[PDB]
Amino acid sequence: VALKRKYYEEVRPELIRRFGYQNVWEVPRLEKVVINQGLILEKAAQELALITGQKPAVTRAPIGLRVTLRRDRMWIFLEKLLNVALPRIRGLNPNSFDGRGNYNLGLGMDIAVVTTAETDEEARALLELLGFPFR
Amino acid sequence: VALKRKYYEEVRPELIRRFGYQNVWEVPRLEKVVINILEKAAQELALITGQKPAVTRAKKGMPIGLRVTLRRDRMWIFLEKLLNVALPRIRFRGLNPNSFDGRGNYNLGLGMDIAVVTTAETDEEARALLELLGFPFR
RNA sequence: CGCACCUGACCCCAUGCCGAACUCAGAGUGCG
RNA sequence: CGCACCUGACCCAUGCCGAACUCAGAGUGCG
């Protein structure tokens, strides 16, 4: 919720000033965060459900658990990742963009942050201004 | 399909030159065309689109219209017929250039109503895409 | 070997229209 | 009143996700 507010109040106007977008709907915005937890199953699923607030799908060849977060579950999870999880580790790789505006992070737990930016450069600016700790 | 070829060979490079897009996937591109007794209207609409129309029913269940959402090659084939055959044979002043919805999509009615949905984010870019594809604006 | 992106529809499966979605398939981008 | 866009979440929905399907709501476009 706080992270979402930051998007509207702080990030979106700064993106407009930096890239010259003429309308608000053109500005890059997070679309979804996809979490895949590679691989008892019962326990892994309940933990992933607890941390995302969403029921995981079982991916079968059972080799994985997947959630697609959008809207407020997306923002709430991100806020947890940036404020709680990451700072308990011993910053993000700025080259890990897929060439089409999406960021990939592996922790194995793979996370895809999918944005509506069409370029890595704009996606980078969006995620940096949201407080993703790069470099 | 000739209209599709025209998009890739002629329209997309001209949009790149005019608006300065740095990558091909950023260039505006058609996403879909939505076309909105019953037996007869459905058979004709199916024949001209190559697709099965959905029946819109009152939210009573009496039929109040027919809709088809065309994507991909059925979209291009239908458009080519619309631009080359149907529109110029209207007993015709050209399409209204003010009928963009403010978000890059165009609407016209002939009643047969047609929604042309593009990935352009502004009316100005959508206008350029549809003009270069051969939409005949007045 | 997996997920995301990307591109498709012979194939299991699918649209109360649409391979959009769901399903399946395929050799490059990112990550593990 | 409908379709497209847009914004959401009592019928309904996701083999996860209001993405989709469903439903709802002033605005924009078009009937």
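Excluded from the calculations below are hydrogen atoms, water molecules and symmetry mates; all remaining heavy atoms, backbone and side chain alike, are included. So that the names make sense, note that chain A is the first sequence line, chain B the second, and so on, each numbered from 1.
An OP1 or OP2 oxygen of D/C5 is reached within less than 4.0 angstrom by a side-chain nitrogen or oxygen of B/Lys32. OP1 or OP2 of D/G29 has not a single side-chain nitrogen or oxygen of B/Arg127 nearer than 4.0 Å. OP1 or OP2 of D/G8 lies within a sub-4.0 Å distance of a side-chain N or O belonging to A/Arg71. The phosphate of D/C23 has OP1 or OP2 within less than 4.0 Å of a side-chain N or O from B/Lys59.
Spacing of P atoms, D/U14 relative to C/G28, comes out at 37 Å, to the nearest Å. Of the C1' atoms belonging to C/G26 and C/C18, the separation is 23 Å, rounded to the nearest Å. Atom name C1', nucleotides C/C10 and C/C31: the rounded distance is 32 Å, in whole Å. Across D/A9 and D/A19, the matching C1' atoms stand 15 Å from one another, rounded to whole Å. Between D/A13 and D/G8, the distance separating the two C1' atoms is 16 Å to the nearest Å. Straight-line distance between the P atoms of D/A26 and D/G2: roughly 14 Å, to the nearest whole Å. Taking atom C1' on both nucleotides, D/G18 is separated from D/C10 by 14 Å, rounded to a whole Å. Between the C1' atoms of C/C11 and C/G32, the separation comes to 31 Å (whole Å).
When each of C/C5, C/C18, C/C31 is scored by its nearest atom to the side-chain atoms of A/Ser96, the top-ranked nucleotide is C/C31. Closest contact between the side chain of A/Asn104 and the listed nucleotides D/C17, D/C5, C/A4 involves C/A4. Closest to the side chain of B/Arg67, out of C/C3, D/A4, D/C16, is D/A4. For B/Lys52, the side-chain atoms get nearest to C/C17 when compared with the rest of C/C17, C/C31, D/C3.
D/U28 has a positive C1'-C2'-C3'-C4' torsion, placing its sugar in the north range. With its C1'-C2'-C3'-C4' torsion above zero, D/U7 shows a north sugar pucker. Using the sign of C1'-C2'-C3'-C4' as the criterion, D/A13 is classed as north-puckered. A positive value of the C1'-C2'-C3'-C4' torsion places the sugar of D/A26 in the northern pucker family. The torsion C1'-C2'-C3'-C4' is the criterion here, and for D/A9 it is negative, giving a south pucker.
Atom NZ in B/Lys60 sits about 24 Å away from atom P in D/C11, given to the nearest Å. Taking atom NZ on B/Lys4 and atom P on C/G8, their separation rounds to 8 Å, with Å as the unit. Taking atom OH of residue A/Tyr103 and atom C1' of nucleotide C/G32, one finds them 12 Å apart after rounding to whole Å. Protein atom CZ of B/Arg57 is 15 Å distant from nucleotide atom P of D/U22, rounded to whole Å. The nearest whole Å value for the distance from the CG atom in A/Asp120 to the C1' atom in C/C6 is 13 Å. The CE atom of A/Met74 sits 12 Å away from the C1' atom of D/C17 (whole-angstrom rounding). Taking atom CZ on B/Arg74 and atom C1' on C/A9, their separation rounds to 12 Å, with Å as the unit. In this structure, A/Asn102 places its CG atom 12 Å from P of C/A4, rounding to the nearest Å.
For the atom pair CD of B/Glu44 and CE of B/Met112, the computed distance is 11.5 Å after rounding to the nearest 0.5 Å.
Between B/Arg67 and B/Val34, the closest side-chain pair of non-hydrogen atoms falls below 4.5 Å. Between A/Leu81 and A/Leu107, some side-chain heavy-atom pair lies under the 4.5 Å cut-off.
Looking at heavy-atom distances under 4.0 Å, A/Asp98 makes contact with a base.
With A/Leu30 as the partner, the side-chain contact (heavy atoms from CB on, under 4.5 Å) test is satisfied by one option alone out of A/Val113, A/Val114, A/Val11: A/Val113.
By the criterion of side-chain heavy atoms lying less than 4.5 angstrom apart, applied directly or through intervening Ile, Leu, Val, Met, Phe, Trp or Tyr residues, A/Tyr7 is grouped together with A/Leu127 in one hydrophobic cluster.
Pair assignment for C/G30 gives C/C3, based on Watson-Crick or G-U wobble hydrogen-bonding distances that are each under 3.5 Å.
By the neighbour-count criterion of 12 heavy atoms within 6.0 Å, atom CD of A/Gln22 is densely surrounded, having more than that number from other residues, nucleotides or ligands. With a 6.0 Å radius and a threshold of 12 heavy atoms from other residues, nucleotides or ligands, A/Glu42 has its CD atom above the threshold. Summarising the local packing, CD of B/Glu124 is surrounded by 12 or fewer heavy atoms from other residues, nucleotides or ligands at distances under 6.0 Å.
When the nearest nucleotides of RNA chain C are assigned to A/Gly106 and B/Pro53 by heavy-atom distance, the more 5′-ward of the two goes with B/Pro53. Residue-to-nucleotide proximity on RNA chain C shows that, of B/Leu70 and A/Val34, the 5′-proximal contact is made by A/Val34. Residue whose closest nucleotide on RNA chain D sits further toward the 5' end, between A/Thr68 and B/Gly65: B/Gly65. Nearest-nucleotide positions on RNA chain D place A/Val67 closer to the 5' end than the other of A/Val67 and B/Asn96.
The bases of C/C6 and C/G19 do not line up as a Watson-Crick or G-U pair with both contact lengths under 3.5 Å.
The closest donor-acceptor contact from the side chain of B/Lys6 to the backbone of B/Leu132 lies under 3.5 Å.
Contacts of residues 107-116 of chain A with RNA chain C (heavy atom under 4.0 Å): A/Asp110, A/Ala112, A/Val114.
For the residue pair B/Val68 and B/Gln51, the shortest heavy atom distance occurs at CG2-NE2, 3.2 Å. Of all non-hydrogen atoms in B/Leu129 and B/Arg29, the two that sit nearest each other are CD2-N, 4.0 Å.
Evaluation of atom-type donor-acceptor distances gives a pair under 3.5 Å for the side chain of A/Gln54 against the base of D/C16. Side-chain atoms of B/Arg71 come within donor-acceptor range of the base of C/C18, with a qualifying N/O pair under 3.5 Å.
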